[PDB]
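Visitor: Below: one structure in structure tokens.
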Amino acid sequence: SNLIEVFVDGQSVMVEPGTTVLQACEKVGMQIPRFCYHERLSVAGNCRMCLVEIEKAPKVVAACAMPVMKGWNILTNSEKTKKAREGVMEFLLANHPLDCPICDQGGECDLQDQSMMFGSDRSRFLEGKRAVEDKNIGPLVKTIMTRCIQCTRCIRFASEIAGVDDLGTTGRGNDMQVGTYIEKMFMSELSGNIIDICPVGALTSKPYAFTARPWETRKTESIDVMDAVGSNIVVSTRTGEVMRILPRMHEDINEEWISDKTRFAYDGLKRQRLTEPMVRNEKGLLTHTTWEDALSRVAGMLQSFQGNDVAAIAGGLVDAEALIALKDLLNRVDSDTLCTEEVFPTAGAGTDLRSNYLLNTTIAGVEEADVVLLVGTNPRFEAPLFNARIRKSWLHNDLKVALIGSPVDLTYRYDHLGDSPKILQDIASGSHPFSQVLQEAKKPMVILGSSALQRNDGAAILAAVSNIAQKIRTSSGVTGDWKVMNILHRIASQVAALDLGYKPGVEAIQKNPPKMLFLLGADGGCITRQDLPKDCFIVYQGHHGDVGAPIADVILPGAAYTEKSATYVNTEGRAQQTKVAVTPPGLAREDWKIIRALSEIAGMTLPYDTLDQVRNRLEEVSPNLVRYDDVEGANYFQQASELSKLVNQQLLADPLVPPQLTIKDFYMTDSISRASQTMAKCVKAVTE
Amino acid sequence: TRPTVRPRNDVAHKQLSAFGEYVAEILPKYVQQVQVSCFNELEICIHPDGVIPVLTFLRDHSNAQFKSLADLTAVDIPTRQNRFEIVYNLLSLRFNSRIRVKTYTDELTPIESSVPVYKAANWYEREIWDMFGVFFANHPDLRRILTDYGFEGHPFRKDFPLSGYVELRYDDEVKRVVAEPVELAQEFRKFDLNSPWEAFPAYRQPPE
Amino acid sequence: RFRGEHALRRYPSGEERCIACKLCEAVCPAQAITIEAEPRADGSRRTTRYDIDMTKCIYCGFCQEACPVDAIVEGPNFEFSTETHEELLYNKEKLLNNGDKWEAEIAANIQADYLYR
Amino acid sequence: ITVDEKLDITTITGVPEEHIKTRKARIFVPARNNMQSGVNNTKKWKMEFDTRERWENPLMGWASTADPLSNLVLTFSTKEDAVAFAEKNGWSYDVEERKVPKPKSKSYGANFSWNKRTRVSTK
Amino acid sequence: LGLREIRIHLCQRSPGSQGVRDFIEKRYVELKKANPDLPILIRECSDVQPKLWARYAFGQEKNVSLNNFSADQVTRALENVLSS
Amino acid sequence: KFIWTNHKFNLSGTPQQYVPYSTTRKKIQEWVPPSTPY
Amino acid sequence: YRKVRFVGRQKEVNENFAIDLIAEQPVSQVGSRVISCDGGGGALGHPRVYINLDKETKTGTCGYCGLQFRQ
Amino acid sequence: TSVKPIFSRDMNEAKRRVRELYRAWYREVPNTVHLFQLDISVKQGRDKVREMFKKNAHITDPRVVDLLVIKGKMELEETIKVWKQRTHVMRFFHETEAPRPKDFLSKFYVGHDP
Ligand code: SF4
Ligand code: SF4
Ligand code: SF4
Ligand code: SF4
Ligand code: FES
Ligand SMILES: [Zn+2]
């Protein structure tokens, strides 16, 4: 029912009435040569490089953009097709410079992996070769527009997803260029992602630029942690060093796109790094030590203190395996008092079943929604790929989007509804329009961001939006279940950390003065020694030395994110194990194995040694940390929403402002952002 | 088609088609596939029980002598559910023709050795034992040829990484010449040369 | 057309004719060459390290003929026989010295023989 | 005859030294070096091993190493015969998944609208 | 101490676990109305033998295995540990 | 131009024997602790 | 730590440098639009590439050629 | 299991065959200690053999045991004769190679997870 039986190469196949010759011939396993067609873009017909000879016809058509009628004989290999592909791809290889000694796409470029397989055998021009000039765009994208097969693929990118309409087509005939007519710089998030799109060596990387050819790298897949959704990358080592990283095209997150910060931040891995254990020396001095001095040094103080005078904070980018060796060491001594760096208010729940603390509609359900309301967040500069999914789903079907607080620049036509916490209280009632379109919605979606919930009125706004999430779901609600209330984040290892059974928000240490703290937070200054009591020690365990490692007693090294098999959890409860790329330099070690040799030199010895025994200890506590990349159906929060009505805190008087600047707050955030000097070199080119 | 392209002939493509038609007709206990190579050669698949008789049928006859064993070899293939591949090869000295005998096998399943039929395959069978581990049955002399006295890997198969485990050296700690764990002074870079776009349309796998 | 000691030529007034295009290292059958480039400060790309073992060198003539910019040349002098294995490893700044001890020798050879290849 | 039917799990030992229990293998589908667009690099399940240390040889900078496996890719045809090789030699493993994209709905000529939102320019 | 918390595991389906799927409906909002100190955890899927961990006394484990109770047996088998 | 003066030699230890070395920058550049004051 | 390998070995290193020996070239001028540089003589040197010389303030040494080229 | 065996049938001819060749090696320890002019104590050479046969006792299958026989049967060609020039025999006794830690804390000082 509803298909056309179409014969490719004299062999039947059944396609929908309305597909292409391209996709139908790609169903029986053939690749016609493609230039002007990428899947995640629109379709143009401006290179004429798919030329199928359709049977019983004089003419030759483009298989990129035409429907498939009643059952043709799509005749791919003939003697008129092969006279066309060979004839089109002698044209563009004429007006073209004679590089591949020095052009940087010398390994993959598609004037080269066509032109052995398809295409001609020799050249007949024999002099000419027009030569246009280059220019600059930014300090990310080296631009040599001499090369330029003029496929108009980078230009349809900008009018699409990355909604800055900046590039164009300037000229007539052979005389045309591509780049921006005025000298405007083109820079946003997703700005460096065009250098994958560009099918020849025109757009190429600036920091990587002249280092290594791509038949030598060793691709090992991995997951990146600088952000909420995680990533899907593939690192590329040459001789034990990271050269550059790519996207990996997972079908739900990173559809094919990667974030710009996550691409150009491998320099911070190897610039300013701590390699060895260091001893106290009694002044502001702090000097290196051999590995068997500073082990029983701190392990001496464990046998002395007891009770709540020792604690630990951890809220950065460490995994969910070096956050079990901490929890079973501080709670076999029965002194828990430990929290993450991030502030998250708990009112009736929060550690138990979490009820909205994971993003309940997944990313694949965002394309199914109809009316999206979101409050208290600037979604552009935190989880940008979730923003691009809105940008896709705002197009290609209808969508209606409103926002509360702080008029900012989102690329699609939203409307600033109001700017106060009191808009939330009135929208529980019927007023201040759209007013009932949430009630008149078929698949609603109400996002709270984690930028507003960090504030002092967090227990109010948590219960306020859960009321209107209750108000919609008790009406019908949707059809249907269609989980409504949800949240995102901006710190990667929090959902991994919190669903081990920690507490949210640094409050327990904020009241009492415990003596010794372990810092794995750490660079955010929510605790200083001034807020601490006097010069009683704190022992630091990390890999960078930005803020908190100069103010420390004994520091211990660790491996960052490309050096250890780990586990991280994005905002849907997936579990994405990163893998080994480089072994960590110097005397640095893995994080969770320095804890056992802290344990075994002290009294208590933990009943697990290898990494498989660690993950069974995970499977004891949480059984969904080995169910890799699966989103189970479990909401259970009708009980939670009434029980979260227990706390009756009210709102405040302040506009829900995000921390983010025009762009400039996007670059320098976490830890690896800070030490990476290319972020330091692309930040002064913004301000000028 | 043109110059610098090999001219074929249909003479040998018809005779070697017609000849080995009746090697499957008159021994249909063993022969389970016969196919004609496009460059005028013959392959004939034989169940490993017919290792001795279909040689012995060939070994002496009036219509197919094949009295010279040119090459016994062996190929290993993971993902086949029966690993190896034993390939015999013979020469009709009266007739100027070639035919290959491709008998599949496994590790633990022995093969009846072709020692009595041809005395050429005495050394061609001690060798394959050392390089893969195929145990040829009732061999009159099975030993250790082409390897050292300490290898236990059977190295020409896909599970033995290229450099060994036993990189050797000397020391004066007594007098001896002693082994060690393997210790390279360079990585042995592994390049990547397998380029996309599926350049060969004729040999194309079924779509699935 | 004799094969022997290695060299790196350079242009009239010097440019270090190499451009680090990474082909003389991809068709050494014996994996002798070891190149690590970097964008040099002027903007044109060059080598930093260049290493040819003189023991793994099996003396093909596959470096000599893969080069587009016509730089690395098997030079015609069999003068050798050093006394330490620590020495036969070549750096970049040996080859240039060894490639500018003569170019009156080499450039008389290549001008005679480039007409065939 | 003497065909002696029974059932016992085939596990082999003796040939490597100690790398049976130390190393967990990894089976994956390779996925499309994204700087180009040809999809012949897919369609074969492979396996690949762990990575270990690479120090520096303190005379040049050659990244010398132990870890004698370090360069082994095998090409298996399917999942069904993927795991059937990690058991017969008897080492651990972990299995990835094959990912094939959305089917999907694209139509040139929908780029020009009367009241819809997909309408492109600058072409 | 004892104690600190407990860990209610279950499965989403394979309906032998259906005591907890009524126990949340009956005694969670009545259960956690009492004890506003103890952060009892709920996790995802054991898929078989839906156990119930307890953790106290310098980090020691006590695991009952309710496989298939009623809605009233799970109502009363929790205060075995909650009282103690 | 760029030709040598007269000649040279391949002298095994003259005392000069060229003794090959590495020609790169160091890679990771480890972080140094703060100063002697606090 | 590393410098002991050339104690009494004279440490033979390069003398001339071409890190910048470009600059002594009298950078050529033409008064045209695009120029060829198969520099170093025909059938030797780098392949022929056509450079645009219209801007601030030179061709760009061809990418291959090294020699400062301009109008 | 449709495959013919090598020598044995099932668990009994095999586990009398492996006890046969042990009496060969027990006899042919004190011969090679003077046939190669190697100076150790003779009880060392008997300790290595009774060490080696206990290594493989986890087998629950025939014709795998029979495969180890063929290796064990072969070595008595070279060892009882003179084909190994004093050096291929002495590789079983790892005298040169440094001791491995094999305990957790000693690995942690030296070596990135061996
Ligand atoms: S940058 Fe060059 S290759 Fe890419 S779309 Fe523009 S003209 Fe085409
Ligand atoms: S972009 Fe194409 S034509 Fe230009 S150098 Fe690269 S492969 Fe050659
Ligand atoms: S001589 Fe040629 S191949 Fe060798 S480094 Fe220079 S440009 Fe590359
Ligand atoms: S002669 Fe051959 S093997 Fe030797 S360096 Fe040149 S290309 Fe490599
Ligand atoms: S080939 Fe891309 S437009 Fe038809
Ligand atoms: Zn030039």
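Going by the structure tokens order, chains are called A, B, ..., each with residues numbered from 1, while ligands are numbered from 1 in the order shown.
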Write out as a count of residues only which residues come within 10 Å of residue 102 (chain D) when counting only C-alpha atoms, dropping same-chain ones fewer than 2 positions away.
Guide: 7
Visitor: Just the residues within 12 Å of residue 54 (chain H), please, counting only C-alpha atoms, with nothing from its chain fewer than 5 positions along; format it as a PyMOL selection string.
Guide: chain H and resi 18+22+47-49+59
Visitor: Could you give me the residues within 10 Å of ligand 2, counting only C-alpha atoms and all ligand atoms, as a PDB file with N, CA and C atoms, in the first residue's frame?
Guide:
```
ATOM      1  N   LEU A  92      35.344  20.964 -14.064  1.00  0.00           N
ATOM      2  CA  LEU A  92      35.721  21.690 -12.860  1.00  0.00           C
ATOM      3  C   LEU A  92      37.177  21.480 -12.484  1.00  0.00           C
ATOM      4  N   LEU A  93      37.808  20.415 -12.972  1.00  0.00           N
ATOM      5  CA  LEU A  93      39.210  20.179 -12.653  1.00  0.00           C
ATOM      6  C   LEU A  93      40.123  20.959 -13.582  1.00  0.00           C
ATOM      7  N   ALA A  94      39.547  21.822 -14.416  1.00  0.00           N
ATOM      8  CA  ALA A  94      40.327  22.712 -15.259  1.00  0.00           C
ATOM      9  C   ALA A  94      40.728  23.983 -14.526  1.00  0.00           C
ATOM     10  N   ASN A  95      39.753  24.810 -14.166  1.00  0.00           N
ATOM     11  CA  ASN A  95      40.018  26.038 -13.426  1.00  0.00           C
ATOM     12  C   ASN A  95      40.273  25.684 -11.975  1.00  0.00           C
ATOM     13  N   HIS A  96      41.470  25.228 -11.686  1.00  0.00           N
ATOM     14  CA  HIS A  96      41.756  24.752 -10.350  1.00  0.00           C
ATOM     15  C   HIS A  96      43.263  24.717 -10.174  1.00  0.00           C
ATOM     16  N   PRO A  97      43.798  25.176  -9.049  1.00  0.00           N
ATOM     17  CA  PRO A  97      45.251  25.165  -8.861  1.00  0.00           C
ATOM     18  C   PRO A  97      45.791  23.757  -8.694  1.00  0.00           C
ATOM     19  N   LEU A  98      47.104  23.648  -8.828  1.00  0.00           N
ATOM     20  CA  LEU A  98      47.759  22.353  -8.891  1.00  0.00           C
ATOM     21  C   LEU A  98      48.276  21.907  -7.550  1.00  0.00           C
ATOM     22  N   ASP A  99      47.531  22.140  -6.480  1.00  0.00           N
ATOM     23  CA  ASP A  99      47.962  21.716  -5.160  1.00  0.00           C
ATOM     24  C   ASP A  99      47.710  20.220  -4.988  1.00  0.00           C
ATOM     25  N   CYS A 100      47.752  19.780  -3.740  1.00  0.00           N
ATOM     26  CA  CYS A 100      48.206  18.530  -3.141  1.00  0.00           C
ATOM     27  C   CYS A 100      49.712  18.343  -3.183  1.00  0.00           C
ATOM     28  N   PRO A 101      50.506  19.301  -2.891  1.00  0.00           N
ATOM     29  CA  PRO A 101      51.525  19.055  -1.880  1.00  0.00           C
ATOM     30  C   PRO A 101      51.168  19.654  -0.539  1.00  0.00           C
ATOM     31  N   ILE A 102      50.465  20.791  -0.547  1.00  0.00           N
ATOM     32  CA  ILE A 102      50.365  21.635   0.638  1.00  0.00           C
ATOM     33  C   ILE A 102      48.932  21.868   1.083  1.00  0.00           C
ATOM     34  N   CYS A 103      47.943  21.598   0.235  1.00  0.00           N
ATOM     35  CA  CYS A 103      46.559  21.743   0.656  1.00  0.00           C
ATOM     36  C   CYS A 103      46.202  20.673   1.670  1.00  0.00           C
ATOM     37  N   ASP A 104      45.466  21.066   2.699  1.00  0.00           N
ATOM     38  CA  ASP A 104      45.350  20.262   3.908  1.00  0.00           C
ATOM     39  C   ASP A 104      44.294  19.177   3.854  1.00  0.00           C
ATOM     40  N   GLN A 105      43.466  19.123   2.818  1.00  0.00           N
ATOM     41  CA  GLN A 105      42.589  17.976   2.669  1.00  0.00           C
ATOM     42  C   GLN A 105      43.150  16.960   1.701  1.00  0.00           C
ATOM     43  N   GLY A 106      44.466  16.755   1.725  1.00  0.00           N
ATOM     44  CA  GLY A 106      45.160  15.835   0.848  1.00  0.00           C
ATOM     45  C   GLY A 106      44.856  14.369   1.053  1.00  0.00           C
ATOM     46  N   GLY A 107      44.056  14.043   2.053  1.00  0.00           N
ATOM     47  CA  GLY A 107      43.723  12.666   2.305  1.00  0.00           C
ATOM     48  C   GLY A 107      42.319  12.270   1.919  1.00  0.00           C
ATOM     49  N   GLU A 108      41.377  13.209   1.899  1.00  0.00           N
ATOM     50  CA  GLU A 108      39.976  12.846   1.750  1.00  0.00           C
ATOM     51  C   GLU A 108      39.245  13.531   0.617  1.00  0.00           C
ATOM     52  N   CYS A 109      39.863  14.469  -0.084  1.00  0.00           N
ATOM     53  CA  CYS A 109      39.092  15.400  -0.890  1.00  0.00           C
ATOM     54  C   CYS A 109      38.435  14.732  -2.087  1.00  0.00           C
ATOM     55  N   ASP A 110      37.228  15.181  -2.404  1.00  0.00           N
ATOM     56  CA  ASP A 110      36.403  14.519  -3.398  1.00  0.00           C
ATOM     57  C   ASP A 110      36.585  15.079  -4.794  1.00  0.00           C
ATOM     58  N   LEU A 111      37.676  15.762  -5.065  1.00  0.00           N
ATOM     59  CA  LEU A 111      38.148  15.826  -6.428  1.00  0.00           C
ATOM     60  C   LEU A 111      39.221  14.802  -6.643  1.00  0.00           C
ATOM     61  N   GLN A 112      39.394  13.925  -5.677  1.00  0.00           N
ATOM     62  CA  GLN A 112      40.511  13.019  -5.694  1.00  0.00           C
ATOM     63  C   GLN A 112      40.007  11.613  -5.439  1.00  0.00           C
ATOM     64  N   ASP A 113      38.983  11.461  -4.605  1.00  0.00           N
ATOM     65  CA  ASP A 113      38.410  10.130  -4.484  1.00  0.00           C
ATOM     66  C   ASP A 113      37.218   9.924  -5.393  1.00  0.00           C
ATOM     67  N   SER A 115      38.101  11.054  -8.838  1.00  0.00           N
ATOM     68  CA  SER A 115      38.868  11.100 -10.070  1.00  0.00           C
ATOM     69  C   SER A 115      39.895  10.000 -10.224  1.00  0.00           C
ATOM     70  N   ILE A 144      41.051  29.673   1.843  1.00  0.00           N
ATOM     71  CA  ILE A 144      41.683  29.848   0.548  1.00  0.00           C
ATOM     72  C   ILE A 144      40.610  29.604  -0.493  1.00  0.00           C
ATOM     73  N   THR A 146      40.679  30.186  -3.606  1.00  0.00           N
ATOM     74  CA  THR A 146      41.120  29.780  -4.932  1.00  0.00           C
ATOM     75  C   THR A 146      40.554  28.422  -5.311  1.00  0.00           C
ATOM     76  N   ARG A 147      40.381  27.529  -4.339  1.00  0.00           N
ATOM     77  CA  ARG A 147      40.130  26.130  -4.638  1.00  0.00           C
ATOM     78  C   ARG A 147      38.685  25.875  -5.058  1.00  0.00           C
ATOM     79  N   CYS A 148      37.675  26.104  -4.208  1.00  0.00           N
ATOM     80  CA  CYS A 148      36.338  26.530  -4.648  1.00  0.00           C
ATOM     81  C   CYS A 148      35.629  25.875  -5.827  1.00  0.00           C
ATOM     82  N   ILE A 149      35.110  24.658  -5.704  1.00  0.00           N
ATOM     83  CA  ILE A 149      34.347  24.116  -6.829  1.00  0.00           C
ATOM     84  C   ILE A 149      32.966  24.757  -6.947  1.00  0.00           C
ATOM     85  N   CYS A 198      32.679  21.581   3.935  1.00  0.00           N
ATOM     86  CA  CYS A 198      33.358  22.046   2.734  1.00  0.00           C
ATOM     87  C   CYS A 198      34.047  20.910   2.003  1.00  0.00           C
ATOM     88  N   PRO A 199      33.565  20.506   0.824  1.00  0.00           N
ATOM     89  CA  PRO A 199      33.997  19.231   0.241  1.00  0.00           C
ATOM     90  C   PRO A 199      35.344  19.272  -0.426  1.00  0.00           C
ATOM     91  N   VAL A 200      35.979  20.431  -0.545  1.00  0.00           N
ATOM     92  CA  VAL A 200      37.359  20.495  -1.007  1.00  0.00           C
ATOM     93  C   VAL A 200      38.159  21.313  -0.012  1.00  0.00           C
ATOM     94  N   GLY A 201      39.415  21.581  -0.336  1.00  0.00           N
ATOM     95  CA  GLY A 201      40.315  22.222   0.595  1.00  0.00           C
ATOM     96  C   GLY A 201      40.248  23.732   0.657  1.00  0.00           C
ATOM     97  N   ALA A 202      39.055  24.311   0.570  1.00  0.00           N
ATOM     98  CA  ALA A 202      38.935  25.755   0.704  1.00  0.00           C
ATOM     99  C   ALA A 202      38.857  26.139   2.168  1.00  0.00           C
ATOM    100  N   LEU A 203      37.844  25.648   2.866  1.00  0.00           N
ATOM    101  CA  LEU A 203      37.725  25.902   4.291  1.00  0.00           C
ATOM    102  C   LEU A 203      38.500  24.845   5.058  1.00  0.00           C
TER     103      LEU A 203
END
```
Visitor: Find the residue from F:9, F:29, F:35, F:4 that sits nearest to chain C; use only C-alpha atoms when measuring.
Guide: F:4
Visitor: Residues within 9 Å of ligand 5, counting only C-alpha atoms and all ligand atoms: report them as a count of residues only.
Guide: 22
Visitor: Just want the residues within 10 Å of ligand 4, written as an mmCIF file with C-alpha atoms, in the first residue's frame, counting only C-alpha atoms and all ligand atoms.
Guide:
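This went into pocket_9.cif:
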```
data_model
loop_
_atom_site.group_PDB
_atom_site.id
_atom_site.type_symbol
_atom_site.label_atom_id
_atom_site.label_comp_id
_atom_site.auth_asym_id
_atom_site.auth_seq_id
_atom_site.Cartn_x
_atom_site.Cartn_y
_atom_site.Cartn_z
ATOM 1 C CA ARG C 3 72.240 5.346 -5.725
ATOM 2 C CA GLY C 4 74.050 6.202 -2.531
ATOM 3 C CA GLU C 5 74.223 8.851 0.153
ATOM 4 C CA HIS C 6 71.234 11.113 0.729
ATOM 5 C CA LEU C 23 55.115 11.435 0.273
ATOM 6 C CA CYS C 24 58.763 10.435 0.644
ATOM 7 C CA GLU C 25 57.719 8.882 3.954
ATOM 8 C CA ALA C 26 54.626 7.068 2.695
ATOM 9 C CA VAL C 27 56.458 4.993 0.062
ATOM 10 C CA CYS C 28 59.581 4.125 1.869
ATOM 11 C CA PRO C 29 58.986 0.362 1.976
ATOM 12 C CA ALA C 30 61.128 0.105 5.067
ATOM 13 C CA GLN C 31 59.640 3.053 7.049
ATOM 14 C CA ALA C 32 62.891 4.931 7.527
ATOM 15 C CA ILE C 33 61.731 8.533 7.077
ATOM 16 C CA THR C 34 60.233 10.297 10.099
ATOM 17 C CA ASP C 51 65.126 11.560 10.174
ATOM 18 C CA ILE C 52 66.527 8.955 7.799
ATOM 19 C CA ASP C 53 68.038 5.826 9.248
ATOM 20 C CA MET C 54 70.948 4.677 7.219
ATOM 21 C CA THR C 55 70.367 1.096 8.378
ATOM 22 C CA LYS C 56 66.718 0.594 7.563
ATOM 23 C CA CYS C 57 67.378 2.357 4.255
ATOM 24 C CA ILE C 58 67.042 -0.463 1.755
ATOM 25 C CA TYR C 59 68.114 1.891 -1.113
ATOM 26 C CA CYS C 60 65.084 1.860 -3.384
ATOM 27 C CA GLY C 61 64.871 5.082 -5.167
ATOM 28 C CA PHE C 62 61.279 5.458 -4.059
ATOM 29 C CA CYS C 63 61.943 8.681 -2.177
ATOM 30 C CA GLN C 64 63.820 10.069 -5.178
ATOM 31 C CA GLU C 65 60.865 9.643 -7.514
ATOM 32 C CA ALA C 66 57.850 10.347 -5.315
ATOM 33 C CA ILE C 72 65.377 14.666 -1.808
ATOM 34 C CA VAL C 73 67.970 13.084 -4.062
ATOM 35 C CA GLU C 74 70.017 9.903 -3.734
#
```
Visitor: Distance CA of residue 19 (chain F)-CA of residue 37 (chain C), one decimal place?
Guide: 22.7 Å
Visitor: For region 470-481 of chain A, list every protein, DNA or RNA residue within 12 Å, evaluated using only C-alpha atoms, and leave out those in the same chain fewer than 3 positions away; present the list as a PyMOL selection string.
Guide: chain A and resi 360-361+369-371+427-430+435-446+463-467+484-485+633-642+644-645
Visitor: Give me the chain C side of the contact with ligand 3, cut-off 8 Å, one line per residue showing its nearest atom pair and distance in Å at one decimal, counting only C-alpha atoms and all ligand atoms, sorted by chain and residue number, as CSV.
Guide:
```
residue,atom,partner,partner_atom_place_in_ligand_line,distance
C:8,CA,ligand 3,1 (S),7.4
C:17,CA,ligand 3,6 (Fe),6.9
C:18,CA,ligand 3,6 (Fe),3.5
C:19,CA,ligand 3,7 (S),4.2
C:20,CA,ligand 3,5 (S),3.8
C:21,CA,ligand 3,8 (Fe),3.7
C:22,CA,ligand 3,8 (Fe),4.4
C:23,CA,ligand 3,3 (S),4.2
C:24,CA,ligand 3,3 (S),4.0
C:25,CA,ligand 3,3 (S),6.8
C:35,CA,ligand 3,5 (S),7.2
C:47,CA,ligand 3,5 (S),7.4
C:63,CA,ligand 3,3 (S),7.0
C:66,CA,ligand 3,3 (S),6.5
C:67,CA,ligand 3,2 (Fe),4.0
C:68,CA,ligand 3,2 (Fe),5.8
C:69,CA,ligand 3,2 (Fe),5.7
C:70,CA,ligand 3,2 (Fe),6.5
C:71,CA,ligand 3,1 (S),4.4
C:72,CA,ligand 3,1 (S),4.6
```
Visitor: Output N, CA, C and O atoms for every residue in that selection, as a short mmCIF file (atom, residue, chain, number, x, y, z; two decimals), in the first residue's frame.
Guide:
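Final output, saved to result-v4.cif:
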```
data_model
loop_
_atom_site.label_atom_id
_atom_site.label_comp_id
_atom_site.auth_asym_id
_atom_site.auth_seq_id
_atom_site.Cartn_x
_atom_site.Cartn_y
_atom_site.Cartn_z
N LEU C 8 69.57 16.84 0.67
CA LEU C 8 68.44 17.71 0.42
C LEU C 8 68.94 18.96 -0.27
O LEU C 8 69.73 19.72 0.29
N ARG C 17 64.49 23.42 -0.30
CA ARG C 17 63.52 23.04 -1.33
C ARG C 17 62.35 22.16 -0.86
O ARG C 17 61.27 22.21 -1.45
N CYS C 18 62.55 21.39 0.21
CA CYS C 18 61.48 20.65 0.88
C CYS C 18 60.28 21.51 1.26
O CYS C 18 60.42 22.70 1.54
N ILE C 19 59.09 20.90 1.24
CA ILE C 19 57.86 21.59 1.61
C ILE C 19 57.02 20.76 2.57
O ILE C 19 55.92 21.18 2.96
N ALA C 20 57.55 19.62 3.01
CA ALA C 20 56.91 18.67 3.93
C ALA C 20 55.52 18.29 3.43
O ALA C 20 54.50 18.66 4.00
N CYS C 21 55.51 17.61 2.29
CA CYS C 21 54.26 17.22 1.68
C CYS C 21 53.90 15.79 2.00
O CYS C 21 52.83 15.35 1.60
N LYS C 22 54.81 15.08 2.68
CA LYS C 22 54.58 13.75 3.23
C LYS C 22 54.29 12.71 2.16
O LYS C 22 53.29 12.00 2.21
N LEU C 23 55.18 12.58 1.18
CA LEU C 23 55.11 11.44 0.27
C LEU C 23 56.37 10.58 0.32
O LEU C 23 56.29 9.36 0.16
N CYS C 24 57.53 11.19 0.55
CA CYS C 24 58.76 10.44 0.64
C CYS C 24 58.78 9.52 1.85
O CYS C 24 59.64 8.66 1.95
N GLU C 25 57.86 9.73 2.79
CA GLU C 25 57.72 8.88 3.95
C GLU C 25 56.62 7.84 3.79
O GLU C 25 56.65 6.82 4.48
N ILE C 35 59.01 12.33 9.56
CA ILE C 35 58.82 13.76 9.37
C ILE C 35 57.83 14.27 10.40
O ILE C 35 56.81 13.62 10.66
N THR C 47 59.57 21.63 7.49
CA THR C 47 59.84 20.59 8.46
C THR C 47 60.29 21.18 9.78
O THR C 47 60.66 22.36 9.87
N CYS C 63 62.02 7.30 -2.62
CA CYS C 63 61.94 8.68 -2.18
C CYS C 63 62.30 9.62 -3.31
O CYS C 63 61.69 10.68 -3.46
N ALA C 66 59.18 9.96 -5.76
CA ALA C 66 57.85 10.35 -5.31
C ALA C 66 57.71 11.84 -5.08
O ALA C 66 56.58 12.33 -4.97
N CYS C 67 58.81 12.56 -5.00
CA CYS C 67 58.79 13.95 -4.59
C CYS C 67 58.29 14.86 -5.70
O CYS C 67 58.86 14.86 -6.79
N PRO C 68 57.25 15.67 -5.47
CA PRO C 68 56.84 16.63 -6.49
C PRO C 68 57.78 17.80 -6.67
O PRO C 68 58.01 18.23 -7.81
N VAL C 69 58.34 18.34 -5.60
CA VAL C 69 59.09 19.58 -5.69
C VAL C 69 60.56 19.32 -5.93
O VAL C 69 61.38 20.23 -5.83
N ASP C 70 60.90 18.05 -6.17
CA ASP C 70 62.20 17.60 -6.68
C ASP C 70 63.32 17.83 -5.67
O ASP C 70 64.42 18.25 -6.02
N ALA C 71 63.06 17.54 -4.39
CA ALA C 71 64.06 17.88 -3.39
C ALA C 71 64.99 16.74 -3.01
O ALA C 71 66.19 16.84 -3.27
N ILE C 72 64.49 15.65 -2.42
CA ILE C 72 65.38 14.67 -1.81
C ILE C 72 65.96 13.74 -2.86
O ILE C 72 65.24 13.08 -3.62
#
```
Visitor: Excluding same-chain residues fewer than 3 positions from region 93-96 of chain C, what lies within 8 Å of it counting only C-alpha atoms, as a VMD selection string?
Guide: (chain C and resid 6 to 9 90 99 to 100) or (chain G and resid 13 to 14)
Visitor: How would you write, as a PyMOL selection string, the set of residues no farther than 9 Å from ligand 6 when counting only C-alpha atoms and all ligand atoms?
Guide: chain G and resi 36-40+45-49+61-67+69
Visitor: For chain G, list the residues within 12 Å of chain D, counting only C-alpha atoms, and write the list as number ranges by chain.
Guide: G: 1-5
